[PDB]
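Take a look at the structure set out below.
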Amino acid sequence: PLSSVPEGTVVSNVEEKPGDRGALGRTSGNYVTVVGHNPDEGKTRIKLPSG
Amino acid sequence: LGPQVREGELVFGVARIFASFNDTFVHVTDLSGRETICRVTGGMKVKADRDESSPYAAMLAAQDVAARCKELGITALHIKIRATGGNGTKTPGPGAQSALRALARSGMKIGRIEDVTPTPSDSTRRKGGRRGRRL
Amino acid sequence: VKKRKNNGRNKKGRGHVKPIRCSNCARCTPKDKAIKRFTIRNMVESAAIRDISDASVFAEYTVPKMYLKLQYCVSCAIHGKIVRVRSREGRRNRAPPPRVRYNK
Amino acid sequence: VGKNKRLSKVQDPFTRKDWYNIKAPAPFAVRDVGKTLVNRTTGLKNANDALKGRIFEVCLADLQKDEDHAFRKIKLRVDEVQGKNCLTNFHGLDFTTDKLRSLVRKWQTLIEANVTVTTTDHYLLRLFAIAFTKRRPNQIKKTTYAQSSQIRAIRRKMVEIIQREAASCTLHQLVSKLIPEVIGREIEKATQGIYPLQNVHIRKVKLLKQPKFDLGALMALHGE
Amino acid sequence: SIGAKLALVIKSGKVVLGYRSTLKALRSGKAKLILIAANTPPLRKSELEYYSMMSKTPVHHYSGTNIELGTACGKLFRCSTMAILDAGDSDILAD
Amino acid sequence: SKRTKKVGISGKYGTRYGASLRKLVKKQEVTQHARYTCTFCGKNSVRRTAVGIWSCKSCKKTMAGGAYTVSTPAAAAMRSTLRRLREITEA
RNA sequence: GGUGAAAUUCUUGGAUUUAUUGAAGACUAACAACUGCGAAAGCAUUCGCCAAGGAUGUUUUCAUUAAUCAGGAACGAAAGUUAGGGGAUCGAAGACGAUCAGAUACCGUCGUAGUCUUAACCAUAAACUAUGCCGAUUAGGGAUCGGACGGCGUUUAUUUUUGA
Ligand SMILES: [Zn+2]
Ligand SMILES: [Zn+2]
Numbered sequence: 103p104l105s106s107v108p109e110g111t112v113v114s115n116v117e118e119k120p121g122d123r124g125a126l127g128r129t130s131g132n133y134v135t136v137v138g139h140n141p142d143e144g145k146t147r148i149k150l151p152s153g
Numbered sequence: 016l017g018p019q020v021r022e023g024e025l026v027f028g029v030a031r032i033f034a035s036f037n038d039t040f041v042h043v044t045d046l047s048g049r050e051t052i053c054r055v056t057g058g059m060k061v062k063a064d065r066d067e068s069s070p071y072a073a074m075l076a077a078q079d080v081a082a083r084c085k086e087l088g089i090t091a092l093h094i095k096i097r098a099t100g101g102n103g104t105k106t107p108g109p110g111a112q113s114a115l116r117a118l119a120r121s122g123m124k125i126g127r128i129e130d131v132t133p134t135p136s137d138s139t140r141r142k143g144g145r146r147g148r149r150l
Numbered sequence: 002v003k004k005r006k007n008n009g010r011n012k013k014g015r016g017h018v019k020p021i022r023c024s025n026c027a028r029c030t031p032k033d034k035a036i037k038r039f040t041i042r043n044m045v046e047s048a049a050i051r052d053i054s055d056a057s058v059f060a061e062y063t064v065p066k067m068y069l070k071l072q073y074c075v076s077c078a079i080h081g082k083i084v085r086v087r088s089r090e091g092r093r094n095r096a097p098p099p100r101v102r103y104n105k
Numbered sequence: 003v004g005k006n007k008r009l010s011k020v021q022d023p024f025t026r027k028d029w030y031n032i033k034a035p036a037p038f039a040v041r042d043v044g045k046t047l048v049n050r051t052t053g054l055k056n057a058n059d060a061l062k063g064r065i066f067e068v069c070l071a072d073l074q075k076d077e078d079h080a081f082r083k084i085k086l087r088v089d090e091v092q093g094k095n096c097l098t099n100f101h102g103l104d105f106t107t108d109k110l111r112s113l114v115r116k117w118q119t120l121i122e123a124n125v126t127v128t129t130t131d132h133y134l135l136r137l138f139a140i141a142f143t144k145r146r147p148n149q150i151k152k153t154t155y156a157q158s159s160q161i162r163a164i165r166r167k168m169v170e171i172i173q174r175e176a177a178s179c180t181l182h183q184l185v186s187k188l189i190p191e192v193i194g195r196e197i198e199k200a201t202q203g204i205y206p207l208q209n210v211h212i213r214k215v216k217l218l219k220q221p222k223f224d225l226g227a228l229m230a231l232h233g234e
Numbered sequence: 012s013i014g015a016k017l018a019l020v021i022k023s024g025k026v027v028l029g030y031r032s033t034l035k036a037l038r039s040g041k042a043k044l045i046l047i048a049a050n051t052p053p054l055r056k057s058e059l060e061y062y063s064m065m066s067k068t069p070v071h072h073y074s075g076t077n078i079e080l081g082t083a084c085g086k087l088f089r090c091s092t093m094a095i096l097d098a099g100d101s102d103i104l105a106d
Numbered sequence: 002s003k004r005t006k007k008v009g010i011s012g013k014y015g016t017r018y019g020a021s022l023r024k025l026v027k028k029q030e031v032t033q034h035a036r037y038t039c040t041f042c043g044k045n046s047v048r049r050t051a052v053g054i055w056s057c058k059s060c061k062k063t064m065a066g067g068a069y070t071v072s073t074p075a076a077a078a079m080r081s082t083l084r085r086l087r088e089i090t091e092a
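Protein chains in written order, with the UniProt record's numbering: chain A, 103 to 153; chain B, 16 to 150; chain C, 2 to 105; chain D, 3 to 11, 20 to 234; chain E, 12 to 106; chain F, 2 to 92.
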């Protein structure tokens with residue numbers, strides 16, 4: 103789960119909403135990056151392979 | 016309206032004067048950067064346009080700062096004098112000398128003056144080029 | 002004809018030294034071919050201190066003097082009169098100018 | 003420049027400002043450094059929300075009423091506010107700009123080191139330290155330089171010392187070590203066998219992460 | 012350091028290379044030290060240590076690959092495990 | 002007996018497609034048909050099968066790699082930093 | 001903001017200034033010097049790993065195995081070229097603002113290639129000590145870096161030897 107992860111790690115095949123089974127980065131040689139968290143009212147900001 | 020105190024104790028502020036080689040900013044606030052108290056610049060003091068960075072403009076600005084400040088109920092100030100810094104000159108502008116001393120002439124208490132010019136440690140390349148301003 | 006025996010740079014035994022920016026024009030000059038000036042100047046003049054002293058925050062004290070180090074290229078240096086041309090024999094003399102301790 | 007501004011762009023906001031008192035932590039003597047400004051408490055905007063994230067710059071000489079330690083200035087962050095009083099605790103240290111430049115001088119050797127540290131209880135904060143070479147009374151040599159191999163030795167012991175006494179501490183007792191300069195004196199007496207190493211000091215302290223709030227401990231140390 | 016001690020052994024003492032031969036030697040009960048490479052199949056790794064514990068003979072996990080172990084024994088081929096039948100004048104068995 | 006002087010593997014294309022494209026495809030073609038040493042068994046018996054799949058002819062293990070190389074510089078940097086990042090974060 | 005002085009540009013959708021936190025890339029100020037190392041170009045933050053080198057010491061070892069080199073070969077600042085990554089700051093070309101009779105410039109605000117790095121090319125510089133390499137002799141001095149030797153003292157060390 104993307105909340106149990108420190109900032110800076112690259113991941114792939116991220117779920118846009120919990121349960122949709124993977125939607126975000128899933129092509130050959132691409133990834134997304136986490137930047138920062140928000141423990142209160144839990145929400146996370148990410149950067150996409152397009153900017 | 017403004018809260019009072021007993022006669023023996025007084026109250027402190029800090030002024031942040033910004034004196035470059037082209038203008039001088041007089042700007043007083045509380046012991047913070049929050050809650051601006053007063054701020055007047057040379058451009059509303061002179062009209063010749065040749066003195067905007069002169070000590071003459073500085074004293075005129077500092078006077079009306081001191082006047083309006085005393086009614087708000089401040090009596091003493093800390094001073095923060097800063098030049099451009101960084102890749103700049105690090106030498107305080109000419110107006111700065113006049114403004115700080117002129118505060119004693121207005122009788123406002125002065126306490127704990129200091130300089131906070133930002134000095135780099137191995138900074139980037141600096142404006143001008145390889146041959147500098149060639150005039 | 003050589004004008005200086007040290008070529009005016011004072012570097013013998015190395016390839017080069019990394020340059021530095023002239024504190025007046027921002028020109029680039031090698032670190033050894035530069036006029037360097039150390040300065041220990043007070044915050045303000047003595048005249049200001051008396052006004053400063055009367056409204057003393059704590060007891061009787063002096064605001065600490067500042068310390069500076071300036072570096073000049075040679076062309077700007079002798080336009081601001083930090084140094085000036087000497088004579089044919091006076092050139093080869095590397096002693097600091099003597100300071101009078103009594104000033105007449 | 004009145005003629006300028008050809009394209010162009020209730021008064022007196024002060025009517026809604028309020029002064030509040032600020033208080034200081036336990037070990038220091040005086041716990042009143044001045045007043046602070048804020049808009050008056052009203053609907054749509056509370057007053058606690060403006061006081062819950064401020065920090066103040068106060069000189070340690072003022073807080074301790076002793077002019078020997080007149081070259082270190084510290085910063086205090088405000089945490090909780092009761093009626094017209096702000097409770098605070100430590101948020102960092104610093105020297106004065108001018109002093110650091112007077113320490114260094116030509117024909118010497120400067121030695122510097124860095125270390126982060128954390129205690130058993132959660133407190134991440136970093137310590138800085140400096141030292142200088144010392145001349146000898148009957149010296150004629152004009153340089154007073156050490157050798158590289160010797161220079162590396164100094165740091166390893168210097169680094170080791172800071173960690174050893176800062177491992178098992180709390181915030182209060184570590185500050186009780188900073189104010190009498192226990193670190194500087196201990197470094198000198200430990201490095202004397204190899205080289206003098208005069209003028210030891212800790213420049214400043216800055217914190218990186220903090221544990222949970224624990225209002226109990228704040229009110230336990232503060233305000234008695 | 013470990014490489015130097017091992018180089019001495021192959022000149023003075025005697026040593027046997029390979030998986031089956033060490034297992035036979037270990038089975039006879041006259042081994043004194045076995046070496047295990049880093050990239051060996053985990054099943055062999057766990058099996059080899061189990062025999063050693065039964066026979067009460069020390070085991071040493073070499074840090075290099077099986078290619079490196081071979082070039083340290085002075086041969087021109089890969090090797091995964093080895094057994095020391097007797098040391099020469101060295102002191103490997105000290106620790 | 003060198004049979005060429007600069008063309009190399011891209012000699013099958015004759016005089017077609019332009020000089021710069023031939024020279025530029027050589028960089029990937031030469032490293033795609035090569036043979037790399039296995040990591041699990043040690044033998045030098047690893048060859049490419051699909052666009053991103055590699056397999057060892059002797060241990061029968063299969064590994065997902067780059068397009069034209071068993072590994073790519075971007076992936077190697079990420080693994081090292083991530084391993085370093087995790088250890089300090091948990092210490 | 002900026003200049004000798006103006007002017008572009010930006011602003012109550014709060015400039016500028018203040019405090020806390022985060023990201024990116026470059027660089028290791030002060031100490032730093034008539035001081036060091038390398039064949040030169042060049043090389044300055046800590047620690048770990050890897051290999052290399054001069055001088056010194058030596059009643060160890062081989063025994064002329066040596067010096068300089070036409071053709072031949074390795075390295076070779078900056079700028080420049082070909083593909084990726086990265087692209088904070090400066091900044092060729094270029095657009096605007098001023099000065100000037102003109103100003104395709106010197107002064108100001110931006111800004112592309114480039115300035116960084118990975119894999120390959122190029123082999124020129126006031127690449128300057130304008131001073132080729134090996135060997136012998138020739139005048140006085142005080143400073144300075146590394147090693148060794150001798151000596152009365154001082155300094156502070158679980159000290160004494162040693163360090164200085
Ligand atoms: Zn200059
Ligand atoms: Zn395999």
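Ideal Cβ placement from N, Cα and C applies to all residues, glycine included.
Does the beta-carbon distance from residue i to residue j come in below 8 angstroms?
i: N95/D; j: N31/D; result: yes
i: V91/D; j: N58/D; result: yes
i: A76/B; j: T56/B; result: yes
i: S74/E; j: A49/E; result: yes
i: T180/D; j: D131/D; result: yes
i: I164/D; j: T201/D; result: yes
Excluding sequence positions up to five away, which residues of its chain have a Cβ less than 8 angstroms from the Cβ of residue i?
i: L115/B; result: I32, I94, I96, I125 and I128
i: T90/B; result: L25, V26, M123 and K124
i: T104/B; result: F36 and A98
i: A36/E; result: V27, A42, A94 and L96
Does at least one heavy atom of ligand 2 sit under 7 angstroms from the Cβ of residue i?
i: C179/D; result: no
i: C60/F; result: yes
i: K43/E; result: no
i: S46/F; result: yes
i: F41/F; result: yes
i: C84/E; result: no
i: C57/F; result: yes
Sorted by chain position, which residues of the same chain lie with C-beta nearer than 7 angstroms to residue i's C-beta, five sequence neighbours on each side aside?
i: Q160/D; result: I204 and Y205
i: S46/F; result: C39, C57, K58 and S59
i: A78/C; result: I36 and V84
i: residue 94/F; result: This structure cannot settle anything about residue 94/F, because the visible part of chain F is limited to 2 through 92.
i: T98/D; result: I32, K33, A34, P35, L86, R87, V88 and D89
Listing by chain order, which chain E residues have their CB less than 7 angstroms from the CB of residue i?
i: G43/F; result: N50, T76, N77, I78 and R89
Is there at least one non-hydrogen atom of ligand 1 closer than 7 angstroms to the beta-carbon of residue i?
i: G147/B; result: yes
i: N102/B; result: no
i: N25/C; result: yes
Whose Cβ in chain D lies nearer than 9 angstroms to the Cβ of residue i?
i: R49/B; result: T46, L47, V48, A60 and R64
i: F27/B; result: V43, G44 and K45
CB-CB under 6 angstroms to residue i, same chain, minus the five flanking residues each way: which ones, in chain order?
i: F36/B; result: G108
i: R141/B; result: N102
So which residues of chain D does residue i contact, with C-beta pairs closer than 7 angstroms?
i: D45/B; result: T46 and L47
i: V55/B; result: Ordered by position in chain D, no residue passes the 7 angstroms Cβ test against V55/B, which lies about 14 angstroms from the chain.
Counting only Cβ pairs nearer than 8 angstroms, list the residues of chain A close to residue i.
i: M64/F; result: None at all; the shortest Cβ gap to chain A is about 16 angstroms.
What residues from chain D crowd round residue i, counting only those whose CB sits closer than 8 angstroms?
i: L87/B; result: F24
Find the residues of chain B that neighbour residue i, judging by a C-beta separation of less than 9 angstroms, and give them in chain order.
i: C179/D; result: In chain order: nothing, as chain B lies at least about 30 angstroms away.
Along the chain, which unbroken stretches of the alpha helix (DSSP H) at least 4 residues long are found entirely within the stretch 51-103 of chain B? 70-87
As an exercise, report each continuous beta strand (DSSP E) stretch of at least 3 residues that is fully enclosed by the UniProt domain "Ribosomal protein eL8/eL30/eS12/Gadd45" (14-104) of chain E, in chain order. 25-28, 44-47, 70-72 and 92-97
Runs of alpha helix (DSSP H) wholly within the stretch 32-95 of chain D (minimum 4 residues, chain order):
58-61 and 70-74
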